[PDB]
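Novice: Generate a structure from the sequence data that follows.
(one chain, ligands or ions: 1)
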Amino acid sequence: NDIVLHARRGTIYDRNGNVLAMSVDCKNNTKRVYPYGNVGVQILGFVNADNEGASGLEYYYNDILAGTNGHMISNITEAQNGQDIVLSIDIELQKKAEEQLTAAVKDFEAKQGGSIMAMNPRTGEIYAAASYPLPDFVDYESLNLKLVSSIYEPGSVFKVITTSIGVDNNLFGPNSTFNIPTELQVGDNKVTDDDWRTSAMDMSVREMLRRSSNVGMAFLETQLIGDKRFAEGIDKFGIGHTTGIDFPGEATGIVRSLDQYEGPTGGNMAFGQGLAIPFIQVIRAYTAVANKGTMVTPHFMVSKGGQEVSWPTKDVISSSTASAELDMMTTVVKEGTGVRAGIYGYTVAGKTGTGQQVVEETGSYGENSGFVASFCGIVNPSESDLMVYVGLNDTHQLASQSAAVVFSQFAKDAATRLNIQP
Ligand SMILES: [Ca+2]
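Specialist: Numbering: from 1, shown residues only. Below is the structure:
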């Protein structure tokens with residue numbers, strides 16, 4: 001004769017206080033109700049029939065969201081309901097992120113979907129985030145956030161890390177100019193740029209970034225940085241380390257340590273080849289450039305039990321280096337491959353990338369690996385309020401015509417929705 005008094009799980013609020021998930025006895029059982037339907041459910045996760053969090057934040061914070069049931073046996077013990085959680089997510093921005101990512105995947109023929117995220121580079125709070133395919137009502141693979149749990153060869157979006165390391169080590173600056181050949185031998189393979197020249201070009205570090213020269217990056221790493229300082233910087237930037245994001249399934253990635261480097265490793269990694277990491281690591285690294293040199297922890301939960309949590313930060317580069325990098329990322333958007341990411345009335349510092357799909361458990365790939373088109377940008381970098389990432393997986397269209405285009409529209413909407421006026 002032991003009756004269960006079912007506790008209710010804690011409520012999940014978005015940043016404006018909208019209820020995203022709440023438990024109800026209309027189930028005797030309890031069930032979650034998601035008022036905005038499928039919007040943000042990928043982040044929220046689902047709760048199964050045993051009322052256990054099964055994916056997303058429901059799972060990640062299940063021990064605090066789940067209460068403790070009561071029991072009626074002449075003896076009664078109280079149900080303790082779970083603790084409420086407030087997230088950084090702006091539900092209306094989440095809806096746009098989802099619809100824009102879905103439309104982009106369709107328009108640019110991204111055969112393996114993509115991801116999108118808007119975050120505050122100073123506090124680390126995530127305003128919106130999504131991966132395609134998205135779930136509804138259910139395919140278990142759509143419950144992951146690809147940004148966190150899938151790994152890719154990052155490609156050219158990584159060049160901001162390589163230049164930051166050099167600059168922060170005082171080995172060159174934006175205007176430093178070098179005679180860059182058409183190709184360079186790295187290990188036993190040649191590095192080349194897809195371009196017009198048939199001769200070496202004198203290019204400043206700023207220019208190598210503007211045009212995204214792989215050859216220039218490999219030159220910088222091999223002739224100026226050196227593998228040791230390179231590998232130390234990668235490590236300081238958190239590359240190959242989990243970011244600490246509060247979401248399940250975070251991949252650490254596959255990144256060679258210095259003692260495992262071989263002939264071509266450093267040169268290739270300089271332009272984002274020879275490692276495979278989740279894009280959340282790239283995003284996290286960019287926060288250092290956007291936040292005066294301090295890298296933050298991307299995250300969803302702002303408060304639990306009315307207790308605001310402190311999230312770890314790390315000083316990676318100086319503010320001067322961060323400023324020189326932002327200056328160059330601004331050239332990318334004003335004068336280079338990122339020009340379609342520009343947004344009328346705002347300053348956008350960013351970088352395009354062409355990355356690759358990889359064998360998930362090894363980080364390598366063959367001839368038919370699909371390309372990943374990415375764009376990562378910071379809006380009004382002096383305000384420290386917004387950075388957005390857009391990635392399209394297995395598309396044939398260049399990041400300059402695809403991911404950068406999606407960013408201009410979504411980052412604009414993120415900026416209107418938030419404080420950001422210009
Ligand atoms: Ca590029």
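Novice: The stretch 1-150 of the chain: helices as residue ranges?
Specialist: 41-44, 56-60, 62-65, 91-107, 146-149 (DSSP state H, counting those that start in this stretch).
Novice: just so I know, which of those helices lies nearest residue 71?
Specialist: Distance to residue 71, taken as CB to CB, is lowest for helix 62-65 among those, at 19.7 Å. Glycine gets a C-beta too; all of them are placed from N, C-alpha and C.
Novice: Please tell me how far the residue minimising distance to the centre of the chain sits from the ion.
Specialist: Closest residue to the average C-alpha location of the chain: residue 280 at 3.2 Å, with CA atoms, centre = their mean. Residue 280 is 20 Å from the ion, where distance means CB to the ion, to the nearest Å.
Novice: what does the stretch 251-400 of the chain put close to the ion?
Specialist: For the stretch 251-400 of the chain, the residues in contact with the ion (CB under 5 Å from the ion) are 352, 354.
Novice: can you give me the helices in the stretch 251-400 of the chain?
Specialist: Under DSSP H, counting those that start in this stretch, the stretch 251-400 of the chain gives helices at 265-270, 279-290, 319-335.
Novice: Can you tell me which of those is most buried?
Specialist: Among the helices of the stretch 251-400 of the chain, helix 279-290 has the highest mean neighbour count (mean count of other CB atoms under 10 Å), at a mean of 28.
Novice: What is the burial count for the residue of the stretch 1-150 of the chain found nearest the ion?
Specialist: Among the residues of the stretch 1-150 of the chain, residue 108 lies closest to the ion, at 14.9 Å counting by CB to the ion. Using other CB atoms under 10 Å, residue 108 has 21 other residues around it.
Novice: Ok, residue 227 next?
Specialist: Residue 227: 16 neighbours (other CB under 10 Å).
Novice: Run through the residues that contact it.
Specialist: For residue 227, the contact set (CB atoms under 8 Å, 6 or more residues apart in numbering) comprises 221, 258, 261, 265-266.
Novice: returning to what we had before: need the helices of the stretch 251-400 of the chain in JSON lines (columns: distance to residue 155).
Specialist: Below are those laid out as JSON lines (distance: least, CB to CB, whole Å):
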{"stretch": "helix 265-270", "distance to residue 155": "11"}
{"stretch": "helix 279-290", "distance to residue 155": "10"}
{"stretch": "helix 319-335", "distance to residue 155": "14"}
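Novice: nearest to residue 170, of those helices?
Specialist: With CB to CB as the criterion, residue 170 lies closest to helix 319-335 of those, at 9.0 Å.
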